[PDB]
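Scroll down for the structure; my scribbles are underneath it.
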Amino acid sequence: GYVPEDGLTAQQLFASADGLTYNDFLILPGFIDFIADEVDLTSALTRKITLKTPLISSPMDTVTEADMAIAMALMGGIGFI
Amino acid sequence: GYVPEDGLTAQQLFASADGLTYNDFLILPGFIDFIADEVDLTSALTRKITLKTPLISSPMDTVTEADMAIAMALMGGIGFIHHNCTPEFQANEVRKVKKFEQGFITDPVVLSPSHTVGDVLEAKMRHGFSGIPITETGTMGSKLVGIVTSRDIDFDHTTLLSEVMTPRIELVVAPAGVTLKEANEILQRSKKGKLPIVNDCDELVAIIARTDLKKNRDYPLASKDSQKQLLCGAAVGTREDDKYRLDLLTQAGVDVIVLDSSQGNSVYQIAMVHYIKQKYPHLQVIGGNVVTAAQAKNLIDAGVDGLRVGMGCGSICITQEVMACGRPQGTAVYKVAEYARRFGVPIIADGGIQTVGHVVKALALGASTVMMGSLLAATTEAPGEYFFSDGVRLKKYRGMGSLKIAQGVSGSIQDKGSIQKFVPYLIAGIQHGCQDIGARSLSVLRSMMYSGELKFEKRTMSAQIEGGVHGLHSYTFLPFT
Ligand SMILES: NC(=O)c1ccc[n+]([C@@H]2O[C@H](COP(=O)([O-])OP(=O)(O)OC[C@H]3O[C@@H](n4cnc5c(N)ncnc54)[C@H](O)[C@@H]3O)[C@@H](O)[C@H]2O)c1
Ligand SMILES: Nc1nc2c(ncn2[C@@H]2O[C@H](COP(=O)(O)OP(=O)(O)OP(=O)(O)O)[C@@H](O)[C@H]2O)c(=O)[nH]1
Ligand SMILES: Nc1nc2c(ncn2[C@@H]2O[C@H](COP(=O)(O)OP(=O)(O)OP(=O)(O)O)[C@@H](O)[C@H]2O)c(=O)[nH]1
Ligand SMILES: Nc1ncnc2c1ncn2[C@@H]1O[C@H](COP(=O)(O)OP(=O)(O)OP(=O)(O)O)[C@@H](O)[C@H]1O
Ligand SMILES: O=c1[nH]cnc2c1ncn2[C@@H]1O[C@H](COP(=O)(O)O)[C@@H](O)[C@H]1O
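The listed protein sequences derive, respectively, from chains B and A. FYI, in PDB author numbering the residues of the first sequence are 11 to 91. FYI, in PDB author numbering the residues of the second sequence are 11 to 165, 170 to 417, 438 to 515.
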């Protein structure tokens, strides 16, 4: 009835100061009891503004003229000029 | 008289959570007092099934049509049939894998003596089974009339079949209700190749054929169940419509199923194990890919008879880099095989295996068997075609997640020739490395694992750049493939 805890918790990784990046670690799998597209994504951008999706286009000249702002705001995100 | 212990024991490696893989460590050598090919390789697949060799072929579409299942079950291993095709096709595949060698042949093709001999040729092309018993009504519940054979078909073909078949008076036969060891001797001492079996009423009940005895000398390590026929496995998915697929596979006589999924722990999968083990009590079941003991509890509690471990480690996958979710293969196999050992289920390692050394490392860590993908692609009996590229004979290697999102790639592997020579090279390079380790059997090897007698060391990246090194101008390997 007992199963050993495996894997470093969130805080135990970034205690030893090796300066990890997204490439350096994995997230262990859990239990599944819902359909893959049931899950919610609503996320705050700033205190008063919320977006239906966590994606933002970067304000670089080579990424965001108005046509991207439109096409990304139309799908949850936000666009910075 | 004292010699210091050198090297980390089994448990001391995976305590410091660096997430080691098969490349990150070595196994220190022991003492040798046996010949390189003396050792046993007998290994459990599931609670009730044992194999004379730890090799398993992957259930990918690009690896396991029936011809590989045959050619690897014939050499100790077992073969799982890919599931991404219509249930009727998959049932035919597992049926013609079961029927390649036989004890008492119980549904032979039989013809009535009024058939045209050109219909024997049609049936021979339809099945491949070239010698055929003849009975009156033309089914399995009639009196013997004779046998027609390929040695009765060399001479258009419009003749009635009674003219050419051998008469029952001259045909030697054995009485029914005889065990498969007296009928075998009665064939051997009455040296004609297709001995039938008839009851006292002189009606057909079974037949046996000399080539099945010949195959038992030629392939002595083959894995055959009680009825003396090859063992076969099906992958099946977890979806509602695979509940229909299950019955077609079970009517075809499959003996193991693997509940194929990316992440084994789901409520859909745990409910599927219950449905299988309640409806079909005989079938052994293997659980979907697990990487941590905290999810191997739900699978064993469900009732699964074995587990396959590892997710997102593999040649063909891109699943870590899409899902963010996974675990390094070397840590996973040990950290779940130690736990699953208590309840007495076999872990089977799965993919990320690309050399014989990785096979030995995966067996000396807890895995009862190792499941091969890329290392069996482009062998002769892997399905498909040899599309010559820029100076290379190579064959397809498609990941199932490679065409809602795509979580595997689609690529190619260079030709490796017949699996019939490749599997003995793996066997002879496994036991020859188990000799250097110092273990007389794989059971002894995992006892050494769990007793602390085996000792590992970590290998820096600077020490992975070793063997076949950058100091050569150019080189050629030359294994026996
Ligand atoms: N890359 C890998 O990790 C890997 C390994 C082996 C096989 N596969 C193959 O790729 C696919 C991976 O997806 P999967 O393993 O989740 O199986 P799947 O393809 O059947 O599942 C598809 C999706 O629907 C869900 N699903 C599964 N069974 C369900 C059910 N009964 N009812 C409702 N939803 C269900 C899953 O959560 C998943 O999001 C499989 O079809 C398998 O053939 C992938
Ligand atoms: N495909 C198929 N094979 C069967 C069937 N029943 C038995 N066999 C097997 O087919 C194999 C070949 O049978 P044989 O009768 O020896 O074939 P053969 O052509 O007469 O003899 P060979 O030329 O030596 O192959 C044996 O292993 C049989 O057990 C069947 O219905 N279909
Ligand atoms: N007809 C037939 N006989 C076989 C086949 N395989 C093995 N036999 C023989 O049938 C008999 C079966 O007895 P078993 O006690 O099951 O044989 P075994 O000792 O397990 O020997 P193996 O099956 O060879 O490992 C033996 O004489 C075997 O050699 C087969 O596919 N067909
Ligand atoms: N038990 C038997 N008793 C008598 N005749 C048989 C018996 N079994 C087969 N025959 C007949 O004897 C001849 C050869 O039988 P055999 O068993 O050697 O055929 P086969 O092994 O299939 O021949 P081949 O391998 O050359 O194609 C054929 O005419 C065949 O019909
Ligand atoms: O993306 C993938 N899709 C399907 N199966 C995969 C994938 N990646 C690896 N595998 C699994 O791992 C094995 C393939 O071994 P590999 O060739 O070493 O990667 C198979 O037996 C599968 O269970």
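Even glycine gets a Cβ: it sits at the ideal position worked out from N, Cα and C.
Practice item. Please confirm if residue 73/B has its CB atom under 9 Å from at least one CB of chain A. Key: Position 63 of the first sequence, counting from 1, holds the residue named residue 73/B. Taking Cβ atoms only, chain A never reaches closer than 9 Å to residue 73/B, which makes this a no.
Point to revise | Sheet register partners of residue 444/A (DSSP bridge) | key: Taking the second sequence and counting its residues from 1, the one referred to as residue 444/A is at position 410. Partner(s): 412/A.
Check your understanding: Looking at the structure shown, is residue 268/A part of a helix, part of a strand, or coil, going by DSSP?
Key -> Taking the first residue of the second sequence as position 1, residue 268/A is located at position 254. It is coil, neither helix nor strand.
Check your understanding: Residues of chain A with a CB under 7 Å from the CB of residue 64/B: which are they?
Key -> Sequence index remark: in the first sequence, residue 64/B carries index 54 (1-based). Residues of chain A passing the Cβ test: none, with the nearest at roughly 14 Å.
Check your understanding: Measuring CA to CA, which of 406/A, 353/A, 365/A, 369/A is closest to residue 387/A?
Key -> If you number the second sequence from 1, residue 387/A lands on position 373. Ranking 406/A, 353/A, 365/A, 369/A by Cα distance to residue 387/A puts 365/A first.
Check your understanding: What are the boundary residues of the alpha helix (DSSP H) that residue 230/A is part of?
Key -> If you number the second sequence from 1, residue 230/A lands on position 216. Note, residue 230/A: alpha helix (DSSP H), 224–232.
**Study point:** Candidates 34/A, 15/A, 16/A: closest to residue 24/A by CA position
**Key:** Within the second sequence, residue 24/A is the residue found at index 14, counting from 1. Closest by alpha carbon: 34/A.
Check your understanding: According to DSSP, what are the bridge partners of residue 381/A?
Key -> Locating residue 381/A in the second sequence gives position 367, where the first residue counts as 1. None; residue 381/A has no bridge partner.
Review point. With respect to 8 Å, is the separation between the Cβ of residue 511/A and the closest non-hydrogen atom of ligand 7 below this value?
Key: Within the structure as shown, ligand 7 is missing, the only ligands being ligand 1, ligand 2, ligand 3, ligand 4 and ligand 5.
Point to revise | Listed by chain order, chain B residues near residue 309/A by CB distance under 7 Å | key: Translated into positions along the second sequence, residue 309/A becomes position 295. Correct list: 39.
Check your understanding: Using a C-beta to C-beta distance shorter than 8 Å, which residues of chain B count as neighbours of residue 306/A?
Key -> Residue numbering aside, residue 306/A sits at position 292 when the second sequence is read from its first letter. The contacting residues are 16, 17, 38, 39.
Practice item. Tell me, to the nearest whole angstrom, how far the beta carbon of residue 124/A is from that of residue 141/A; I am working on the premise that it is less than 8 Å. Key: As a working mapping, residue 124/A is identified with position 114 in the second sequence. As a working mapping, residue 141/A is identified with position 131 in the second sequence. Incorrect: roughly 19 Å between the Cβ atoms, too far for contact.
Practice item. Please find out if some non-hydrogen atom of ligand 3 comes closer than 8 Å to the beta-carbon of residue 269/A. Key: For the purposes of this step, residue 269/A is taken as the residue at position 255 of the second sequence. Because no heavy atom of ligand 3 lies under 8 Å away, the Cβ of residue 269/A does not count as near it: no.
Point to revise | Between the CA atoms of residue 278/A and residue 393/A - distance to the nearest angstrom | key: Taking the second sequence and counting its residues from 1, the one referred to as residue 393/A is at position 379. Taking the second sequence and counting its residues from 1, the one referred to as residue 278/A is at position 264. If you take the alpha carbons of residue 393/A and residue 278/A, they lie about 30 Å apart.
Review point. Are the C-beta of residue 42/B and some C-beta of chain A separated by less than 9 Å?
Key: By 1-based counting over the first sequence, the position of residue 42/B is 32. Answer yes: the Cβ-Cβ gap between residue 42/B and chain A drops below 9 Å somewhere.
**Study point:** Under the three-state DSSP convention, the category residue 331/A falls into
**Key:** Taking the second sequence and counting its residues from 1, the one referred to as residue 331/A is at position 317. DSSP places residue 331/A in strand when its eight states are reduced to three.
Check your understanding: Less than 8 Å between the CB of residue 239/A and some heavy atom of ligand 4, yes or no?
Key -> For the purposes of this step, residue 239/A is taken as residue 225 along the second sequence, with counting starting at 1. Residue 239/A Cβ: outside cutoff for every heavy atom of ligand 4.
Review point. Does the region 190–205 of chain A come within contact of the region 253–263 of chain A, defined as at least 3 CB pairs closer than 8 Å?
Key: no
Check your understanding: Listed from N- to C-terminal order along the chain, which residues in the region 262–284 of chain A have their beta-carbon within a distance smaller than 7 Å of any beta-carbon of chain B?
Key -> 277, 279, 280, 281
Exercise for review: Select from the region 477–509 of chain A all residues with a C-beta closer than 9 Å to any C-beta belonging to chain B, and list them in chain order.
Suggested key: none
Review point. Excluding sequence positions up to five away, which residues of its chain have a Cβ less than 8 Å from the Cβ of residue 306/A?
Key: Stepping through the second sequence from its first residue, residue 306/A is reached at position 292. Correct list, in chain order: 341, 346, 349, 350.
Point to revise | 8 Å CB neighbourhood of residue 439/A in its chain, flanking five on each side removed | key: Sequence index remark: in the second sequence, residue 439/A carries index 405 (1-based). Result list for residue 439/A: 336, in chain order.
Review point. By the criterion of Cβ-Cβ separation under 8 Å, what are the contact partners of residue 49/B in chain A?
Key: Here residue 49/B corresponds to residue number 39 of the first sequence, with the count starting at 1. Chain A residues near residue 49/B: none, gap ~14 Å exceeds 8 Å.
**Study point:** Short CB-CB distance (under 9 Å) between residue 286/A and chain B
**Key:** Mapped onto the second sequence, residue 286/A falls at position 272. Cβ-Cβ to chain B under 9 Å: no for residue 286/A.
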